[PDB]
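Comments concern the structure below.
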Amino acid sequence: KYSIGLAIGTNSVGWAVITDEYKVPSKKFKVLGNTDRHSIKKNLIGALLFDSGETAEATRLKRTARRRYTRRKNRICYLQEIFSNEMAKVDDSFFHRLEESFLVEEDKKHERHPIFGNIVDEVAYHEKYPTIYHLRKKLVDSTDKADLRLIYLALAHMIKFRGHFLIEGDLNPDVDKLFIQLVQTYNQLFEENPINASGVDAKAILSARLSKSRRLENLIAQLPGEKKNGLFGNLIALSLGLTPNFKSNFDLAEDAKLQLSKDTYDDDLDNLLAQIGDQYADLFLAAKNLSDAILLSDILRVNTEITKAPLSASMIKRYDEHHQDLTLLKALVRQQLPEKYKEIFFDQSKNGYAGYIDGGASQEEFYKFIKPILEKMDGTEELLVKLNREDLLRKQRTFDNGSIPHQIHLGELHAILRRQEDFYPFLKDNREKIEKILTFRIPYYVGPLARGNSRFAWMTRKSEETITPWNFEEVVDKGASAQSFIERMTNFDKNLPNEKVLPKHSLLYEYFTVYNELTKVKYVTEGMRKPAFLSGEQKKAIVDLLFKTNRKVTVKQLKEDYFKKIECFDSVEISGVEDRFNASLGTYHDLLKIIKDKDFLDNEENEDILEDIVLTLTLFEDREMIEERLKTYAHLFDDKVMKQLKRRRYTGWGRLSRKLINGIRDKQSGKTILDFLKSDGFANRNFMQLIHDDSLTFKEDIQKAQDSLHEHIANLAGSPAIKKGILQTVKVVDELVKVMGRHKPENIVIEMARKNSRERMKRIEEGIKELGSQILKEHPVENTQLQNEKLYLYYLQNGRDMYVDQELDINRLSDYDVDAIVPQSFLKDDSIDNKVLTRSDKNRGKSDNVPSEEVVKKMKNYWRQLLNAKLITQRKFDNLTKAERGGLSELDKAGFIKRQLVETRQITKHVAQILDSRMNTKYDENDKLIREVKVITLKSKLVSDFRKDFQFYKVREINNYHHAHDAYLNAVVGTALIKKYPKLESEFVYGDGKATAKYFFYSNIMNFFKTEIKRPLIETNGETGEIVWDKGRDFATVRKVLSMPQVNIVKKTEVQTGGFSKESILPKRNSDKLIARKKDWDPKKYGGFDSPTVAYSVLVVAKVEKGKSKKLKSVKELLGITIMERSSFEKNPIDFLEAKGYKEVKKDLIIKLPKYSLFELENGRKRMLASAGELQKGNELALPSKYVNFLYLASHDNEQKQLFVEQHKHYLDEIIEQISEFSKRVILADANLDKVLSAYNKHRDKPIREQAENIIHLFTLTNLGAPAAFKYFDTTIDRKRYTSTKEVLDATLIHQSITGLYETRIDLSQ
RNA sequence: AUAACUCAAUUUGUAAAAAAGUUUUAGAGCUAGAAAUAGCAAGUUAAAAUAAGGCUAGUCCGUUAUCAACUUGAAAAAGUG
DNA sequence: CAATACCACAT
DNA sequence: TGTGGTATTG
DNA sequence: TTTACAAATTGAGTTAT
Ligand SMILES: [Mg+2]
Ligand SMILES: [Mg+2]
Ligand SMILES: [Mg+2]
Ligand SMILES: [Mg+2]
Ligand SMILES: [Mg+2]
Ligand SMILES: [Mg+2]
Ligand SMILES: [Mg+2]
Ligand SMILES: [Mg+2]
């Protein structure tokens, strides 16, 4: 009798129930509660609205951050535990004064001076050591016995802020020396062409406070005849961290683009060295050393002979220069600009020095502020120099201190320890412990050090001790933990669920893939009558001769190196492979280079060992653990080979198990899968064939070897946002089925709807850096500007036209065109992968196909460079260069057209599968599923085109009815479509030359709805004779459906979860709004948190005390239970409320009111709950469809539409009138309404288009939900909010179901 | 539709770390003046917290997902037009 | 108890 | 971007 | 901000059921 339509969105689920003739039923639903109404008429159509589901990312970031905090705290505690006794001998309450430092003097139990406990000593301390780095340097250099408190402070400062762990190994803090060395190996390599490095201040030039490229040019400038693109230039460029290409230097065909910071460099340099010889290794190694020294120079900037604490010394340098420059600046301003002195050095709000030190002004804002001040005055040259160097008035605690490796802090710490262990025995006994505190870091593969109470943890214990940084290796089983870290996420074999999947880089796996590909290769010559398979001996010969000698095997190599060389074929045609074999024996060649023993790799005896080695290299990344793991094979290789093997690492896992590939044997033949791949007589059967061959036992053994709704949906691959919509739509379906007397629908039609700036800046920066372009220096940009499409494309294309090979102009983007690579008529693609910036789209070639072969031939190399720079992707490149591959065939066109209507997205198939499995649960006599309900999936294009073709227009901003309407139209169009063409069930319904005809078929699939294109008035199916669409009275029914005033729009009520409040840590203030950041931290003294989020409001009817005499006064109000107060409130509501000051609370009348709780008042006026003290608009404006269609037409053959607009231009006043009466009845914002009316009467002179487009904006005043601001024309109208929830307390509360069909109304008069 | 492989891109989930920021306190402000106020000096650093907190007491957990109302029922979850 | 202006997040 | 919290003004 | 890892998914290809 009925079908269901569904529109699944990220914030909405549209639903509709239709009958045989495409009508939606209306029904009487019972109404519960204590009101007058016992029932209500409802149309079976509506939409569920809900806030977006969130990812788990934020939660994760905060969790991990938390752990970082507690662990840092623990580091400090370990340090204090070590210092405890001796400190107790020295200062009885040092640590106590330290711990209560935050407390006000009134709350302190000890002296207010932390370090020493008295004024004179404290002042003396700060006098001698103005910064902590002074004390650090002092404790590093001096040999005098020092106060244990200062020692502690230094060690603790180094431990609390230890620096990163991005660099492995030890660091011993030079550039001149390694430069002279570089010149040395270079000149010793190139005897004929030497370089004069006399008088070349390499230290000052390379360690300069400038960009790497500029420094490169500066260095090259001192070298006559040497250019930056030359070899030495590329070496220095390597040391500076650029991306040089050593191809041009060594006459290579393979580009030697190598970046030092890139993780693949260590193998790239081997790939390069294998081509130019091993003589050049010294050179590049030198270059790397010089690079390390350069980075260290970036951090330190202080000579190493002066002190063993270059970092602290550098900070002290910052301090001294800050002092000198401050004195200078103050004097200068005193002399020349006396009026600006107060503004600069006294006002914290003006971003001057005062704002820079005491205010919230950053270093950048401060440099921005004094820039024209320094420019205007005289004697401020060097200050400007430092300002552009970002080296002026620098603090010691700065954003760019993230460069600091932990090794140097460790160096200072070790120095201080070695210095003071001469006087304190406990420092000698605890030296390595203290060092380990700073050093130790829980491995990422171990995870949280839990004991059975963490859902995130996985680590295994080797013992039951309390884990400390010192006993970590003994208590924690690092091996089992690291193994679990990977194995808990990796797939088992689908075919053999109890079998682990092989490493992707396994030798056996690679043999499998190579043989599997090779088996389906066929060849024909002049003498043969038919292409033949490769036999076993041929495959083995090809493997041994080609696959085991070449990294990659091309077709040319197959023909010439095998078919000519072994078979004596001058000509042969190959069918199995394209250009080159996709599969390869990469690991074989890696291990061949490492161990240098081919016979060892070819020996079948060593198979297990090699598999184990590759497994070790894959499963782990820690070189130490890898080394320990490979110890059993140390007797097989030399130590050098062992270290080379150590360096070798792999990532990633296969898809199949070893037992599948080469374990299970066929019962009759005794052959494994791989055995069949190597040799299978006449029929070279595939893995797919082997797996499904009834004459073999593989299928048998595999078949023999072989989660709630919420969990199932959660386990799907996709954004949680759409997943929420999926669960919701399933629940909606369930309820609709309940509504229809538990009768299942005939059909269910489902349709599924289709920061970044930083990523864009990153892509452009790395791309330009790869390209070695100057366009970024010449044309600087901000990430916010990259939101613009043409500008982003401009930078992605290096400021060049993508079709013509010419530069473009930034100021001329408005004149340029954004062309689609593959035409939008075939591919509805809006992404960058299909868009391109060109001067004129005419220059792309023909407008019917991919850019012409002419363009492809002109721009292939440029596109190659853009590809290698990651500025364009592989897909974009292939789409750009398709013309040389025949362009778009008619089959491709037909495919595109059918894909415009047929849903291929996996997530939608999952939705359809869920629904189908929930509705169809019965089997027939042949044990086959009975499909009572057909689940149809359509794309949005069908309904959209349907709306455009029959003028059932959609305007989203008018109300939320369009979701419901979309669902309805989905049901109608879908049911009609399958009824008209039952053959198309295979395409649209879930469950189990000619291309031109297919193209035209799918291009005119929706023609049966039209009367002329010339078709009959009544459309029916040919075989059944069943009428599918009556063009005379069906559109009428649809029109009546969309014109229906009442539509069940239901805003999902949700308890608010997440952060307690705003994260902002506000200064002290006299307000009860402030929340204590800790239990005993009175926010009036210490400041604290503000703006908490209400989890859900609560209706309280009780009595409160009034006046000095506390007279009990009966009250009824809404109390917002915050997220923080929630657990306490739910543990015992009565105690909570009574603690809030309420008395005699009516427990039974306590009503939980989550956000978006619906209330109805007098004139059908509705309000939703935004909070405990704010309301939202709860009504929908059911604007008549005539006005909607008119708005659509006016805001955007065409002449008839224009004539309709001009003939019905009186509709404007009518629409304004509708909005007006609706606003007077429901919105109740007369001021804003008056502003609207006035603004409308102001721009009555404006063209109809503009007035329509601006009338569109007016609906935000009447829109359901939170009030928002909107501009009519140039008149901005601020939102009028509802800052009082008092009126709701006497209104009628409406409890709605997911569909809103079942209601319980409670008259809050009590 | 499904499977394996190649290349690339995207998305989801997890772990270990870093640099800041903020907030109170500690860095004897000096004079003149009865008084606010006036002139000048000065500033770069540190401690501590970084969701309140919890019991399971771990170098653990605390911001995702999920949620009409009623009837039951401790609870889970069923039932109700 | 209006209009109304500012704030967050920025790791 | 939004929208609920907050203080200011009145 | 950095590093390490796994899984789907899309979509251009080779081979199959
Ligand atoms: Mg804590
Ligand atoms: Mg030169
Ligand atoms: Mg600071
Ligand atoms: Mg190929
Ligand atoms: Mg590995
Ligand atoms: Mg939630
Ligand atoms: Mg800080
Ligand atoms: Mg509801």
Side-chain angles (χ1 to χ4, degrees), chain A residues 29-30 32 53-56 58-62 64 66 68-71 74 98-99 101-104 112-114 119 122-123 126 130-132 163-166 318-319 322 357-358 393-399 401-402 441-445 447-451 453-454 456 467-468 485-486 489-491 513 516-517 520 576-578 582-583 621 655-656 686-689 691-692 710 714 717-720 873-875 878 906 1053-1055 1057-1060 1062-1068 1073 1075-1079 1085-1087 1090-1091 1124 1154 1170-1171 1174 1266 1268 1278 1295-1297 1302 1304:
Chain A
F29 293 90
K30 195 178 194 302
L32 305 179
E54 300 169 1
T55 65
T59 308
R60 183 176 93 248
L61 273 16
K62 282 145 184 171
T64 49
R66 277 187 250 111
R68 289 205 285 113
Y69 278 138
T70 117
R71 292 162 183 174
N74 289 332
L98 243 50
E99 255 68 271
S101 71
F102 188 80
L103 267 52
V104 204
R112 63 193 195 97
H113 303 90
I119 359 280
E122 206 78 3
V123 178
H126 288 277
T131 73
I132 183 62
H164 65 77
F165 291 79
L166 304 185
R318 290 191 187 183
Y319 179 84
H322 192 147
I357 302 298
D358 297 325
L393 301 175
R394 292 271 292 174
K395 299 178 180 176
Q396 337 303 332
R397 296 306 222 93
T398 55
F399 56 93
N401 291 136
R441 181 190 181 206
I442 307 177
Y444 72 89
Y445 49 80
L449 272 28
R451 205 173 68 178
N453 294 126
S454 169
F456 308 98
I467 305 170
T468 68
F485 164 75
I486 296 294
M489 303 185 189
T490 54
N491 286 138
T513 179
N516 197 40
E517 186 176 357
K520 289 309 182 184
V577 58
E578 43 175 358
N582 306 325
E621 104 115 6
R655 218 63 165 82
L656 310 180
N686 261 343
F687 172 77
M688 254 290 97
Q689 300 188 285
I691 252 52
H692 286 141
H710 307 66
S719 66
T873 185
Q874 195 68 36
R875 180 203 174 197
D878 292 343
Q906 201 76 60
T1053 65
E1054 289 184 329
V1055 174
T1057 54
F1060 286 156
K1062 283 183 177 183
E1063 298 182 1
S1064 300
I1065 306 177
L1066 304 189
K1068 67 179 179 175
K1073 263 61 176 296
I1075 303 179
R1077 207 150 63 90
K1078 222 69 175 172
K1079 181 184 176 181
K1085 299 179 185 175
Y1086 302 99
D1090 180 88
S1091 303
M1124 194 171 72
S1171 181
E1174 188 165 352
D1278 290 320
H1295 291 289
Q1296 300 176 319
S1297 304
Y1302 305 104
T1304 85

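Below, chain A is the first sequence line, B the second, and so on; all start at residue 1. Scope of the values below: all heavy atoms of this structure, side chains included, with no hydrogens, waters or symmetry mates.
Shown here are the ring pair (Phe, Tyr, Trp, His ring centres under 6.0 Å) partners of A/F687, two or more places apart in sequence or in another chain: A/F512. Every residue meeting the salt bridge (charged side-chain N to carboxylate O under 4.0 Å, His left out) condition with A/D1090, not counting sequence neighbours, appears here in chain and number order: A/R1069. With sequence neighbours excluded, the residues forming a side-chain contact (heavy atoms from CB on, under 4.5 Å) with A/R451 are A/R461, A/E464, listed by chain and number. The ring pair (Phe, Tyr, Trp, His ring centres under 6.0 Å) check on A/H322 picks up A/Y353, with sequence neighbours excluded. For A/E1063, the salt bridge (charged side-chain N to carboxylate O under 4.0 Å, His left out) partners are A/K62, not counting sequence neighbours. Under the salt bridge (charged side-chain N to carboxylate O under 4.0 Å, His left out) criterion, A/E621 pairs with A/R649, not counting sequence neighbours. For A/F29, the ring pair (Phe, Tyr, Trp, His ring centres under 6.0 Å) partners two or more places apart in sequence, or in a different chain, are A/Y1302. Under the salt bridge (charged side-chain N to carboxylate O under 4.0 Å, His left out) criterion, A/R394 pairs with A/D400, sequence neighbours left out. Under the ring pair (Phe, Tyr, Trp, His ring centres under 6.0 Å) criterion, A/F1060 pairs with no residue at all, not counting sequence neighbours.
Note: OH (A/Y69) to P (B/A48) measures 13 Å, nearest angstrom. Look at CD1 on A/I467: it is 15 Å from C1' on B/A16, rounded to the nearest Å. Look at CZ on A/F456: it is 17 Å from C1' on E/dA6, rounded to the nearest Å. In this structure, the NZ atom of A/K1079 is 17 Å from the P atom of B/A49, given to the nearest Å. Taking atom CD of residue A/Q906 and atom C1' of nucleotide B/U12, one finds them 15 Å apart after rounding to whole Å. Straight-line distance from the CG atom of A/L166 to the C1' atom of E/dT3: 6 Å, rounded to whole Å. Atoms CD (A/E1174) and P (D/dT6) sit 11 Å apart, rounded to a whole Å. In this structure, A/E99 places its CD atom 14 Å from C1' of B/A46, rounding to the nearest Å.
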Could you summarise the pairing of DNA chain C as dot-bracket text, marking Watson-Crick and G-U pairs under 3.5 Å with ( ) or [ ] inside the strand and | across strands? .|||||||...
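Stacking here means ring centres nearer than 5.5 Å and ring planes tilted less than 30 degrees, and by that measure A/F1060 stacks onto B/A51. A stacked arrangement is not assigned to A/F165 and the six-membered base ring of E/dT3, the conditions of a centre distance below 5.5 Å and an interplanar angle below 30° not being jointly met. Here A/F102 packs flat against the base of B/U24; its ring centre is closer than 5.5 angstrom to the base's six-membered ring, tilted by less than 30 degrees.
Rounded to whole Å, the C1' atom of E/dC5 lies 39 Å from the corresponding atom of C/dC7. B/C61 and B/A15 are spaced 8 Å apart, taking the P atom of each and rounding to whole Å. To the nearest whole angstrom, the two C1' atoms, one in B/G62 and one in B/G54, are 8 Å apart. Straight-line distance between the P atoms of C/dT4 and B/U25: roughly 39 Å, to the nearest whole Å. For B/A42 and B/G27, the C1' atoms lie 11 Å apart once the distance is rounded to whole Å. For the P atoms, the distance linking B/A78 with B/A68 amounts to 15 Å, nearest Å.
A/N491 comes within contact range of the sugar-phosphate backbone alone, with a heavy-atom separation under 4.0 Å but no base atom that close. Nucleic acid contact for A/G1059: base, since at least one base atom lies under 4.0 Å from a heavy atom of the residue. A/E122 comes within contact range of the sugar-phosphate backbone alone, with a heavy-atom separation under 4.0 Å but no base atom that close. Residue A/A714 is out of contact with every strand shown, counting any heavy-atom pair closer than 4.0 Å. Within 4.0 Å of A/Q1296, counting heavy atoms only, lies at least one base atom of the nucleic acid. Within 4.0 Å (heavy atoms only), A/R397 reaches sugar-phosphate atoms of the nucleic acid but no base atom.
Nucleotide B/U71 shows a positive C1'-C2'-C3'-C4' value and thus a north, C3'-endo-like sugar. Sugar pucker annotation for D/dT3: south, assigned from a negative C1'-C2'-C3'-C4' dihedral. Sugar puckers are classed by the sign of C1'-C2'-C3'-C4'; that of B/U11 comes out north, on the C3'-endo side. Nucleotide D/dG5 carries a south sugar pucker, as its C1'-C2'-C3'-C4' torsion angle is negative. Sugar conformation at B/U56 is south: the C1'-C2'-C3'-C4' dihedral has a negative sign, consistent with the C2'-endo side.
Using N1 to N3 plus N6-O4 or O6-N4 for Watson-Crick, or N1-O2 and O6-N3 for G-U wobble, each under 3.5 Å, B/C40 pairs with B/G29. Across the strands present, B/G62 finds no partner; the criterion is a Watson-Crick or G-U wobble pair with both atom distances under 3.5 angstrom. Here B/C67 sits opposite no nucleotide as a Watson-Crick or G-U wobble pair (both hydrogen-bonding atom distances under 3.5 Å). Pair check for B/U56 finds none; no Watson-Crick or G-U wobble contact set falls under 3.5 Å. Remark: B/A77 base-pairs with B/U72; criterion is Watson-Crick or G-U wobble with both hydrogen-bond distances under 3.5 Å. Using Watson-Crick or G-U wobble geometry with both donor-acceptor distances under 3.5 Å, B/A35 finds no partner in any strand shown.
Here the closest heavy-atom approach between residue A/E517 and residue A/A583 is recorded as OE1-N, 2.9 Å. Heavy atoms only, all atoms of each residue included: A/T59 and A/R66 are closest at O-NH2, 4.3 Å.
With the 5.0 Å side-chain criterion applied to paired bases, A/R1077 registers in the minor groove alone.
Within the structure, a side-chain polar atom (N or O) of A/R655 is placed less than 4.0 Å from OP1 or OP2 of B/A4.
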Can A/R71 and A/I442 be said to form a side chain to side chain contact (heavy atoms under 4.5 Å, CB included), step by step? CA-CA 10 Å; A/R71 292 162 183 174; A/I442 307 177; 3.6 Å; yes
All N/O pairs under 3.5 Å across the protein-nucleotides 5-9 of chain C interface:
residue: C/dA5; atom: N6; partner: A/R1281; partner atom: NH2; Å: 3.0
residue: C/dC7; atom: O2; partner: A/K1062; partner atom: NZ; Å: 2.8
residue: C/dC9; atom: OP1; partner: A/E1063; partner atom: N; Å: 2.5
residue: C/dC9; atom: OP2; partner: A/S1064; partner atom: N; Å: 3.4
residue: C/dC9; atom: OP2; partner: A/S1064; partner atom: OG; Å: 2.8

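Remark: B/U25 does not pair with B/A51, failing the Watson-Crick or G-U wobble criterion at under 3.5 Å for both atom pairs.
In the helix from B/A1-E/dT17 to B/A17-E/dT1, the end axes, each obtained as the rotation axis mapping the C1' atoms of four pairs onto the next four within a five-pair block, lie 40° apart to the nearest 10 degrees.
Not a single donor-acceptor contact under 3.5 angstrom links the side-chain atoms of A/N453 to the base of B/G58. Between the side chain of A/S101 and the base of B/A48, no donor-acceptor pair under 3.5 Å is found.
A distance of 11.5 Å separates CZ in A/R68 from OG1 in A/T70, rounded to the nearest 0.5 Å.
Between the side chain of A/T398 and the main chain of A/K395, no donor-acceptor pair closer than 3.5 Å is present.
Taking the side chain of A/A1268 as heavy atoms from C-beta on, and the options B/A68, B/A28, D/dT3, the nearest nucleotide is D/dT3.
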